[PDB]
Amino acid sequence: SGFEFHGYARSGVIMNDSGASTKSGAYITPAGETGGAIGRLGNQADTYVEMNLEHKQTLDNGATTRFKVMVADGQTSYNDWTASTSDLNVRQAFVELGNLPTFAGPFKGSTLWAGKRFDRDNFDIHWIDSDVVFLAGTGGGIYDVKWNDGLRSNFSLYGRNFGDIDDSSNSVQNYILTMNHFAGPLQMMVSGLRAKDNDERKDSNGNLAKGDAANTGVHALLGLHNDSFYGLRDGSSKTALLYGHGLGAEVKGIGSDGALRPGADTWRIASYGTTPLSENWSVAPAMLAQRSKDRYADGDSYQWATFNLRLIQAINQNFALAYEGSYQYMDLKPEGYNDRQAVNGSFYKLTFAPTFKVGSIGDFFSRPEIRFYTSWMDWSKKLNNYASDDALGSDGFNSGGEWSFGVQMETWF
């Protein structure tokens, strides 16, 4: 074929009961620094855009060629001109060669790739704005190598960078080797990571940036992809168990955290399901929980659990009423790292959002949608003490109850 334009975009406004700014974000709680995302409904005031320009080509022999570039930007400003704070950057630029006539046996319908990209098989938990796994970087690999016609595999080499790319003394390359295997609804991903002499990176002064940072790592994922709502009702569901050690201890953005100690050990559980309660009510519950030890400091510990619940009630072919409920518990023990103070408590979010759209209201993924909303947030006051440049406890966002209102659009195509 030819050219294709795909993308994602969120844009909107959030204000408090006084008609002034406030804090918002899927990652605003103290637990968010370690990936403890909360519901995103009526809780994202940024204008984020991903523009995907493609050039596809199918040859007569069945062989396909595919080139794609992603140009992204995220702004918190509401103004029509944001040159001074622009974050516009090329996120991806890759080439895929699929269904080559020359590829036989287990490589029959396999697709080869090279360049900078997000792995094709990453998957997320939409309502919480968090990927379950996110393998991205620059490299090469092959998708869909079929063995015995019931076990497909992906093999790849992804490279990343730690530190300042400009400073040759504070810059290191991190390589990731991964095998991704699929057997029915079952998934098993195993990655090996290595960033040589990560521990010897010297900052601009001449001192070691870390010194106790890891140079290697291991990462694994065990996933269950069901075509039903946890096997007891119509719908879908995904449950994943993540584990990592050393550089692999940041279980979501594989190889994206250069500060991890050699003994960093993480376990994360991700799970969500989709199901219709009637021809008008749809429910999408979700859970994210993690336990991370000896992560950045010896003897530290980060533990948290999020529970998000998105509910949509159709009223028209175009009008719906969406509701969201977030609950999160955290017990954080940073051990001085980044001037963080040990904290524990819970966060609550209640959002009511009148929603307009044209597509299937029962489909949590039909996108052109415009929503109006109101949220209420509260949390254990102790949480304010985690950090001083935090959102929780900052000026005007320290009290018990916090109300917010706004409008926003979101789509993808």
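The first residue of the sequence shown is number 1, and the count goes up from there.
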*Determine, for stretches 124-132 and 192-200, which one has the higher mean CA B-factor as deposited.*
192-200
*Can you let me know which of the two, 339-347 or 92-100, has the higher average C-alpha B-factor in the entry?*
339-347
_Among 75, 154, 316, 301 - the residue whose C-alpha B-factor is largest in the record_ = 316
*Deposited CA B-factor, highest of 82, 180, 236, 308*: 236
_Could you place residue 360 in the lowest, middle or highest third of its chain by Cα temperature factor, using the values in the record?_
highest
_Ranked C-alpha temperature factor of residue 262 among modelled chain residues, by third_ = middle
_residue 141 - Cα temperature factor, lowest/middle/highest third of chain_ = lowest
*Sorting the chain's CA B-factors, does residue 406 end up in the lowest, middle or highest third?*
middle
*Based on the entry's values, in what third of the chain does the Cα temperature factor of residue 230 lie: lowest, middle or highest?*
highest
